[PDB]
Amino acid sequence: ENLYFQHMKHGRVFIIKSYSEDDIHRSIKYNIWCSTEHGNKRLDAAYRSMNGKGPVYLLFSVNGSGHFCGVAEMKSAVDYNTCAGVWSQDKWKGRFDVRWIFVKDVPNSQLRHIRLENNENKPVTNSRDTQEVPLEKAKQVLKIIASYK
């Protein structure tokens, strides 16, 4: 048995949807990310209120790819005044640190049965960028990602 993810009552988990394979590569290389203005605010608020008592996990997926491409932990608050033009969208304003945990493709078929009660019971695979995942469903997603081969 694998009971690791069942025993943890803190932590928050968000879906990250990227249009750009380049941005994913840059994020893995440099352990940084940036979302939209409203996405950055949502993640910043979550990281800050955690105050280090548990992780903020990011579940990454490229729009249209049909799979998740990995998992990272948020590792800093959002710095909103950084060098412009480092990403796909040249307007994107800001940067936060991440630490990539798992880099592997996980097909949407492995995950489409998990549904989000905070997003109209839609499959977790049909989420938009910075959709939060309820912790009890996030445990199920993380276990599937960690045991897929």
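We number the residues from 1 along the sequence you see. By rigid core we mean the largest C-alpha set that fits within 1.5 Å across both forms.
Core superposition of the other structures onto this form places the C-alphas of 82 to 90 farther off in 8 other deposited structures of this protein than those of the other stretch among 82 to 90 and 31 to 39. The deposited model assigns a higher average Cα B-factor to 97 to 105 than to the other stretch when 27 to 35 and 97 to 105 are compared. Comparing 137 to 145 with 17 to 25, the higher mean C-alpha B-factor in the PDB entry belongs to 137 to 145. The residue among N40, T82, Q110, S61 whose C-alpha carries the highest B-factor in the deposited model is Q110. Per the deposited record, the Cα B-factor of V56 falls in the lowest third when ranked against the other modelled residues of its chain.
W92: CA B factor in the highest third of modelled residues in this chain (values from the PDB entry).
For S127, the recorded CA B-factor ranks within the lowest third of the chain. Only modelled residues enter the ranking.
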